[PDB]
Amino acid sequence: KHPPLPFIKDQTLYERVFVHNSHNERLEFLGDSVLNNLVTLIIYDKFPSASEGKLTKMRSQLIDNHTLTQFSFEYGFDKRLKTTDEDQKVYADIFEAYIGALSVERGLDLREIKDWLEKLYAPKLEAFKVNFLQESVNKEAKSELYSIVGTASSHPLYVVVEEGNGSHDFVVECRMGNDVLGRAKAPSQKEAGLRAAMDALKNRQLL
Amino acid sequence: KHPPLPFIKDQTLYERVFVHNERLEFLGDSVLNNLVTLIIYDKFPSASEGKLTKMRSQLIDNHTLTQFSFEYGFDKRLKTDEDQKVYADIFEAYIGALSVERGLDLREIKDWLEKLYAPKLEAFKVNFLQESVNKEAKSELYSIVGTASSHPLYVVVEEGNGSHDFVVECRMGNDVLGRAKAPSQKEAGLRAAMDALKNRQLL
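Residues numbered from 1 in each chain as written, not as in the entry; some residues may be left out. Chains lettered and ligands numbered in written order. Heavy atoms only, no water. Residues with missing side-chain atoms left out of burial classes, pairs and counts.

Method of determination, as given in the entry header: X-ray crystallography; reported resolution: 2.897 Å.

The name given to chain B in the PDB entry is RNase III, with Scheffersomyces stipitis as the source organism. Looking at the header, the entry is titled "Structure of Dicer from Pichia stipitis".

The PDB entry lists chain A under the name RNase III, from Scheffersomyces stipitis.

Next up on the list: the packing of aromatic side chains. All told, the structure shown has 23 aromatic pairs over all chains when counted by the stated rule. Relative to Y121 of chain A, the ring of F71 of chain A lies with its centre 5.1 Å away and its plane at 80°, an arrangement referred to as edge-to-face. Given a relative accessible area of 1%, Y121 of chain A falls into the buried group. Taken together, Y14, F18, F71, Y75, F77, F95, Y98, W116 and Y121 of chain A form an aromatic cluster joined through their ring pairs. Lying across the ring of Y158 of chain A, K142 of chain A places its NZ or CZ 4.9 Å from the centre. Above the ring of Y14 of chain B, the side-chain terminus of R204 of chain A is found at 3.7 Å from the ring centroid. (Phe/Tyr/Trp six-rings, centres within 6.5 Å; stacked < 30°, edge-to-face > 60°. Buried < 20%, exposed > 50% of the residue type's maximum accessible area, 1.4 Å probe, protein only. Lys NZ or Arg CZ within 6 Å of the ring centre and 35° of its normal.)

This next bit is on unusual backbone geometry. Of note in the backbone geometry, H168 of chain A takes a positive phi value of approximately 100° without being a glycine. When you line up the elements, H168 of chain A lands in the loop between β1 (157-162) and β2 (171-176). Phi at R23 of chain B takes a positive value of approximately 75°, unusual for a residue other than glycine. If you trace the backbone, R23 of chain B turns up in the loop between α1 (11-18) and α2 (24-43). According to the relative accessible area criterion, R23 of chain B is exposed, its value standing at 72%. (Helix = DSSP H or I, 4+ residues; strand = E, 2+ residues; numbered from the N terminus.)

A word on the interface of chain B and chain A. Contact with chain B, which involves 39 residues of that partner, is made by 40 residues of chain A. For the side of chain B that touches chain A, the secondary-structure elements that each account for two or more residues are α1, α4 (62-71), α5 (74-77) and α8 (137-145) of chain B. Here the side of chain B that touches chain A takes six residues from α4 of chain B, the largest share from any one element. Looking at the side of chain B that touches chain A residue by residue, the classes come out as twelve nonpolar, 13 polar and 14 charged. (Contact = heavy atoms within 4.5 Å. Nonpolar A, V, L, I, M, F, W, Y, C, P; charged D, E, K, R; others polar.)

Spelled out as structure tokens, the structure:
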């Protein structure tokens, strides 16, 4: 994996992590914690415009077994792991223990680790900056929304409420007669107009 | 950017994936499983059946499923909150809805899916799926067993100026700790230390 793997010098420690009050379980516990705090800092800093809800989803996606297993094979943990076979949520639990080792081997410092993770996650975060920080696209929503609730009698209008490209404020309201089915903000009036329809379709009711 | 979310015209079929969904995730799962197979088959024409099984397995697991479900705001079309098997399964029901509404002609979701997977498929074709790279190995191996007074030596045991390729052993004492072959003498030497490091028995 393109960032260099931070090293465990102490043999007795490395072996706590790859031998297989009883055995190492405190490193799984410390690693988990360090890994979830570190990842929290990194995303919070990189995505200032994301809600707490999106941050919570981003974090669960990068601390979970799929991605931690992916890291573990790109560092060949299946090979370091002195075992016997392959679900099997294990490799993520090794990886948590491992981070738990780097952390103790440094006196519980963690800046040296935050930096490695800040690189280890770069491709995953640029993936999210493109497709997840943002909302969606849907150049179609106004007619899609019209085909649920629109005739010639009463069809939905999209009335701008705050206007002007001055320092940025374009917000439009999608109203069907008297009720504001959805409101959204975008740098332009049509982008906001479509997004106002997109928010409305998130709530399909009339059967 | 990722492609937008195809539309579901039929209200009640929309509700059969979001307000409740059985039998659409059945159809959704096999559909999705196969279109991803076709896709990766075209884009990795040398990948053996073992790599293809792994590639399909990652592209279809709940993790990436659930994040397609999160990037299209499935959390918000859904009316218990929170991996997540469940969001993965609403996503399968969705692909199934898409299919029914178009009479099980799947060619036009393959195109969507190809757009939708275009990022991750480049990542796999980069040169690795689950592979290591060269390292900083000579020095970290040195840190375990090495003094200036006695330390390991990376001796060339065959040479490869274009014709064949280098193999170098990592010798210390009487014992060779690790050997490797790689296009370079550096790359072989580093990998030969990585091999010795994957086995820190003692010595």
